[PDB]
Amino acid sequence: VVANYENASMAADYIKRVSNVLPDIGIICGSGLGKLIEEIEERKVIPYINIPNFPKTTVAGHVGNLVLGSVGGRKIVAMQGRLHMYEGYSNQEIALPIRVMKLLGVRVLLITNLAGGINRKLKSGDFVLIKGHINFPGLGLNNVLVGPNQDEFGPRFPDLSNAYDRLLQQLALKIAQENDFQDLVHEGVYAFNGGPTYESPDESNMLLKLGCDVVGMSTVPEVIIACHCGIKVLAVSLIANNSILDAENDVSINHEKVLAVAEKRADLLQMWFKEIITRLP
């Protein structure tokens, strides 16, 4: 199923009939960082499997719902169970949910993820406001927009120079200062590693040479689809480890360690993004 105008409209039609919510904000939460989705008011949960033309996710398994409702008086839509390209999903499957958000009226997309630290000033538990990216799949002919262009949504050759909105990064830093945890907030460049293997020690050393501050396996595909169709983005990474230090000390990383850091910061991140939603222009 192609992520074209007709197929996305069919999905959005079903969603409208069921929810009666017209959102202008969208949110995609990282693994272990989805608690805010349980605080949505007057909410409506829609499993992907019931939405026309939505991708099939049974092979991967686990939760997959679209959740609509109110937060801080604002109308939002959330992806509960996000799609990763290391699972084998195609460009079309990743893009369609984002283009459905567009047809529903979304103008701002907030994203969180877990990532490894490359910059030496980064430690486990820090936050990184993403200001740019290095898209290794894109350079290597696996860009999320490879294929026919869907002209109704955006141009053939999009410019990514302003994909990470400056004002939204400023508003997020301001809230960190009002609550006195700005010491945890950095900015940096995000490198996209297709995955699913964690970056090797020598791959981490390479990324340091190339000016990368963090590395992860998500986010960039959704950012490009949102920028293509004119949606503003804020993306924040939670640092689970510093891969450069681990390589120098012969220390390992694993998913169990990643999720422990997520649990330690989940509540502060929930509080942080709830206020962001409330304060959005």
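A residue's number is simply how far along the shown sequence it sits, counting from 1.
Mean CA temperature factor is higher for 53-61 when stretches 211-219 and 53-61 are set side by side in the entry. The PDB entry records a higher mean C-alpha B factor for 251-259 than for its counterpart among 232-240 and 251-259. Within the group 205, 182, 135, 149, the record's highest C-alpha temperature factor is found at 182. In the deposited entry, the Cα temperature factor of residue 7 sits in the middle third of values across the chain's modelled residues. Per the deposited record, the Cα B-factor of residue 118 falls in the lowest third when ranked against the other modelled residues of its chain.
Among all modelled residues in its chain, residue 81 ranks in the highest third by Cα B-factor. Remark: residue 131 belongs to the middle third of its chain, ranked by C-alpha B-factor as recorded. For residue 245, the recorded CA B-factor ranks within the middle third of the chain. Only modelled residues enter the ranking.
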